[PDB]
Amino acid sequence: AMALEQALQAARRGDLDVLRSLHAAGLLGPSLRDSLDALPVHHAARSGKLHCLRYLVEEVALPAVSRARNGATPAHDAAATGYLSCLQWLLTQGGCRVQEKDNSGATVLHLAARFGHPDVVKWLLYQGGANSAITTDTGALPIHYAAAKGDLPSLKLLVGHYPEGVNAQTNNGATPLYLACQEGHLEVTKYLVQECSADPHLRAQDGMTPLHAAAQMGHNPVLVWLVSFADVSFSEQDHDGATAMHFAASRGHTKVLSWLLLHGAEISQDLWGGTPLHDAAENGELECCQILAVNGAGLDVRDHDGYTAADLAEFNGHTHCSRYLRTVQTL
């Protein structure tokens, strides 16, 4: 266990002399792995220590294509961490193939996009030969990852390289735009809608629109822009009848909730009879309860189980919300 910690630490630090000493003592080998099955080659590559990576592959003979528990090679580590020098060496001298996949089906191009490394994305596309049309086992393209990260330079590169990806949906139905809205990336959202003809009406498999995702995750700047400039309705419902307001109230996003109410969004029941006040009360979101109650939410509306919002707060132990709601009802 001591040789292991010394080897991994030296590989991350670039301490080539320690690796040489361990190699001389016969203490480096392909079974010397951490708890995720990563070798010293992974730890050098994820740390940008190219001289140690080369020593471990060229001299110690640790395989450049070795795989961690999830199938990641040292090239996957390097692409995810942005260490282009290590990635380039592995893909040329090291013998890694640019299309090698981890267990999920992700390539180094997916991972460079996922973690927002546009220098790596650019080199992979225009020198490394990486394929931009490859889906993982969830249906994800590199463009999905770039959009979710909010990496506009990588996204521009990937749209130019594979423009058919713009409106592609993952297996659960998400478009790059859905993901950009979910993650609150306004400039990427604008680019997709304004410059790439991204369709903001393509829904995920559960009926959620990109606007629902922005409200669910509290990204008011994205929600405001979609409603105000992209012709997205804040009244649309998912497969359960939920509106943007339900999602915002359920997760305490008072700014989204306020903006929706300010601009005339209605306080409506979903297919289960719950209003956004039910969602806020059930989850102990006191400030959302107050905003809804002051702006005309029906305090006495019962869901399909016959429960008012105050009842739901009480059954979930949210006594601050139930006490507030029951006193307001008396007025």
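The first residue of the shown sequence is 1; numbering continues from there.
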property	result
Of 194-202 and 85-93, the one with larger mean CA B-factor	194-202
Stretch exceeding the other in mean C-alpha B-factor - 179-187, 242-250	242-250
Out of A61, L292, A38, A44, highest CA B-factor residue	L292
Maximum C-alpha temperature factor, selected from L32, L56, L50, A280	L32
Chain third (lowest, middle, highest) by recorded CA B-factor, residue given as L271	highest
Relative C-alpha B-factor of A68, binned into the chain's lowest, middle or highest third	lowest
Cα B factor band for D137 (lowest, middle or highest third within the chain)	middle
Chain third (lowest, middle, highest) by recorded CA B-factor, residue given as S235	highest
Third of chain Cα B-factors occupied by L158	lowest
